[PDB]
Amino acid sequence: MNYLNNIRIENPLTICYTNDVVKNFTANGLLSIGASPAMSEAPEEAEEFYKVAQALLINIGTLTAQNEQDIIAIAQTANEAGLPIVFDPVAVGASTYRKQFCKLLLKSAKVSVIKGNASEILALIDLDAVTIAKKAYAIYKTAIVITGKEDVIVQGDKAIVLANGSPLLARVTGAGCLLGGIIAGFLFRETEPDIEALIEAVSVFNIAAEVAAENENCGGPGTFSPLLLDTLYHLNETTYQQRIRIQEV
């Protein structure tokens, strides 16, 4: 825990353009680790907000025509402002609508992290999550995080596999959508983030999940979600170091 300490003290302004199902949970997750979430969606204020922000999350979970042109416009505003973009191509494999939009976005702007599941990342570039992540990294030259049973991170010349979390995370809507926001909270305006910042963001989230699911008062997916926020708020270096399970490839 190096980056988390800085999030708690500096309260980084983390702009979220995310889906309607997960806005509240995203904002709450960010507040629990000390970040300052802002769900600004008006392109008319992007320039002034982005000047002082630390990152931008773009998540297309509920993409519609109302969002398309605005997302492209704000991504260009972010690039111009040097504001790092975390991009979550939610369910891109499920429609030609989403595929065509994600291709247009990644042809129009440079993003700093692409986060998804194996199937989503595979649809972007078209078996192993590591192989998929490496192929995507070669195409976009942008950090890749593939979430799954084990999580994969590829940045620069390094690929890492992480093994933390809980099954109850799959049964909470926008767990993974919140993870995209947490990653944005760890960037501190670095458009080419150190792999160590990405490893800490994913590990903080998954170790908090693991600890929450062990709490005596966790009785299922409903009670888990408040206990995850509490555990993120309290997470300390001892717990982190005892629990982290990482290995290189």
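Throughout, we count residues from 1 along the sequence that is shown.
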(request) Might you work out how many residues are unmodelled in the deposited sequence between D126 and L127, and answer none, 1 to 3, 4 to 9, or 10 or more? (result) 10 or more
(message) Which is higher on mean Cα B factor in this entry, 236-244 or 20-28?
(response) 236-244
(request) Would you determine, from the values in the PDB entry, which of 84-92 and 100-108 has the greater average C-alpha temperature factor? (result) 100-108
(message) Can you tell me which of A42, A65, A197, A55 has the maximum CA B-factor listed in the PDB entry?
(response) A65
(message) Just the C-alpha B-factor column, please: which of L162, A78, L178, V145 has the biggest number?
(response) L162
(message) Where does the C-alpha B-factor of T223 rank in its chain, lowest, middle or highest third?
(response) lowest
(request) Determine, from the deposited record, the chain-internal third of the Cα B-factor for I71: lowest, middle or highest. (result) middle
(request) Quick one: classify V113 as lowest, middle or highest third of the chain based on its Cα B-factor. (result) lowest
